[PDB]
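These numbers come from the heavy atoms of this one structure, side chains and all, not from hydrogens, waters or symmetry mates. Numbers for residues simply follow the sequence, beginning at 1.
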Amino acid sequence: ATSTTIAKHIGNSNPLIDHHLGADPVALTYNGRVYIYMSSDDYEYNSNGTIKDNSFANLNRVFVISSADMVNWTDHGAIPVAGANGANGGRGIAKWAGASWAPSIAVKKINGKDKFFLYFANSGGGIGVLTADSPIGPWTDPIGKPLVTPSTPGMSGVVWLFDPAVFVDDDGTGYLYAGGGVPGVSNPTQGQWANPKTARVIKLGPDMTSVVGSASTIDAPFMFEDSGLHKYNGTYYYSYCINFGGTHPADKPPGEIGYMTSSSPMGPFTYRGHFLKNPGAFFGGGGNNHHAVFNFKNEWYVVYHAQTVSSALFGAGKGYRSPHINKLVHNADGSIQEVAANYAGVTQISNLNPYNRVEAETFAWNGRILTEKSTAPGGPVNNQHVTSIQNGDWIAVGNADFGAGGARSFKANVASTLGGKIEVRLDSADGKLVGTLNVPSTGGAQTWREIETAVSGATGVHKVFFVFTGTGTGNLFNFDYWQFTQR
Ligand SMILES: O[C@@H]1[C@@H](O)[C@H](O[C@@H]2CO[C@@H](O[C@@H]3CO[C@@H](O)[C@H](O)[C@H]3O)[C@H](O)[C@H]2O)OC[C@H]1O
Ligand SMILES: [Ca+2]
Ligand code: NA
Ligand code: NA
């Protein structure tokens with residue numbers, strides 16, 4: 001092993017991933033996993049091949065990852081949401097939409113079956129929705145038009161009609177929160193900064209793909225963007241990013257996440273405080289702040305973004321963002337403590353079972369590979385593989401539990417032109433070698449073979465490193481899934 005981690009270092013849980021970017025995260029908790037959906041941050045380039053600042057040009061997909069344990073993330077690839085203009089090579093799902101910013105996700109049981117709803121903003125001009133029968137698709141655009149526009153009753157007055165947050169209440173009623181921006185264009189007055197009156201909530205119809213009644217204004221002090229809703233001990237918490245302009249009081253610091261409470265999902269809301277500083281306060285610089293609060297496996301968390309991967313690569317964040325998660329703490333009086341945003345993140349919640357099929361694109365740390373949609377036969381919805389594998393690259397999972405009896409063999413589904421090796425090591429990239437899988441020539445990068453090799457000395461709980469070697473260039477092999485067998 002020679003390659004180094006970009007930003008998510010071994011033993012740390014933030015950023016969640018560093019093999020690509022992901023902005024504007026939101027969480028779905030479903031059947032023992034947390035799924036994180038993100039804006040598709042992706043580098044823009046000058047004609048000479050140098051990086052330029054993020055202008056959101058590439059925000060036409062939604063990236064999805066998931067975890068059972070907060071450390072190992074399965075990469076589920078990209079949903080080609082936007083279908084207008086150049087978007088997604090003709091494969092875009094929403095043909096009316098040129099962009100898919102800042103997703104929100106909801107699940108609702110309808111007629112005995114769980115149904116999934118992905119909301120997004122078509123830049124600052126409207127909100128769309130896609131539907132699916134699984135959290136990872138495939139996705140349908142049932143309307144063919146935005147769900148919410150400036151003509152939707154109650155939505156006049158919104159400056160940026162974006163950043164949706166959809167919440168399904170305990171009674172099954174969905175609510176859509178959206179909006180932001182500050183009125184007054186290039187020069188808002190102090191009062192316009194203080195009360196933009198651009199946040200909205202509208203009730204959804206039972207089917208989650210329509211609205212009922214009119215939107216209500218939420219008078220979030222110093223509103224900017226990034227609506228969020230969570231419910232704690234019977235109280236509704238509307239959270240949002242506080243704006244950056246005008247003078248601000250000590251209790252409404254610029255660019256931080258503010259929150260308000262109500263006994264009802266549509267208000268009236270009362271400002272309570274703020275609980276997440278700007279990512280720049282923790283990681284350097286500054287930029288936009290986007291978050292979602294959720295409860296997964298009986299703990300409260302917030303997912304947010306920071307420029308921690310781009311900064312590590314370039315020495316400047318340049319507006320390119322990555323997901324992070326940290327614990328969020330409610331006090332006895334219902335107030336929320338400041339979130340201690342950091343790199344350590346959340347300690348692994350549960351071990352990984354290495355005796356099931358585990359996708360190769362399910363990993364905790366890597367140095368340095370890519371993931372992409374796979375040609376491998378079978379596999380899960382939108383199955384990916386690990387690629388851009390060169391000599392000395394590696395991936396690792398956290399806390400695989402081999403059990404007392406341990407492992408007998410290791411299987412890997414691989415495709416390779418010239419061949420190579422996968423070393424299976426415990427604890428560290430140079431740790432105990434328990435097996436070496438010889439990747440043969442399979443006939444090419446799209447011709448797949450499941451290879452089996454011996455394993456010995458793999459018992460108990462360990463980080464597991466898969467270290468890639470070979471003499472060729474460039475791509476040694478593609479790697480789809482693996483599975484150990486029990487001794
Ligand atoms: O076309 C519109 C976009 O331009 C608009 O982008 C917003 C631009 O401001 C961003 O917030 C900045 C974060 O960094 C701070 O230092 C700055 O003071 C902020 O202005 C915001 O996150 C973007 O959404 O979005 C709406 C589009 O219609
Ligand atoms: Ca796979
Ligand atoms: Na969001
Ligand atoms: Na590589």
Does [atom1] belonging to [X] count more than 12 external heavy atoms closer than 6.0 Å?
{"X": "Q446", "atom1": "CD", "answer": "no"}
{"X": "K252", "atom1": "NZ", "answer": "yes"}
{"X": "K95", "atom1": "NZ", "answer": "yes"}

Can you tell which of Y37, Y232, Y301, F167 makes a ring-ring contact (aromatic ring centres under 6.0 Å, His included) with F294?
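Exactly one candidate clears the test, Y301.
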Where the side chain of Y43 meets the backbone of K52, is there a donor-acceptor pair that is under 3.5 Å apart?
no
Between [Y] and [X], is there a side-chain donor-acceptor contact under 3.5 Å, judged purely by atom types and distance?
{"X": "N413", "Y": "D480", "result": "yes"}
{"X": "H291", "Y": "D226", "result": "yes"}
{"X": "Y45", "Y": "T50", "result": "no"}
{"X": "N58", "Y": "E44", "result": "no"}

Presence of salt bridge, [Y] and [X], under 4.0 angstrom:
{"X": "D18", "Y": "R368", "answer": "no"}
{"X": "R357", "Y": "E359", "answer": "yes"}
{"X": "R321", "Y": "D24", "answer": "yes"}
{"X": "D133", "Y": "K115", "answer": "yes"}

Are the side chains of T371 and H19 in touch, meaning some heavy atoms are under 4.5 Å apart?
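Answer yes - side chains close enough.
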Mark yes or no: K8 above the aromatic ring of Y343, with NZ or CZ under 6.0 Å from the six-membered ring centre and no more than 45 degrees from the axis.
no
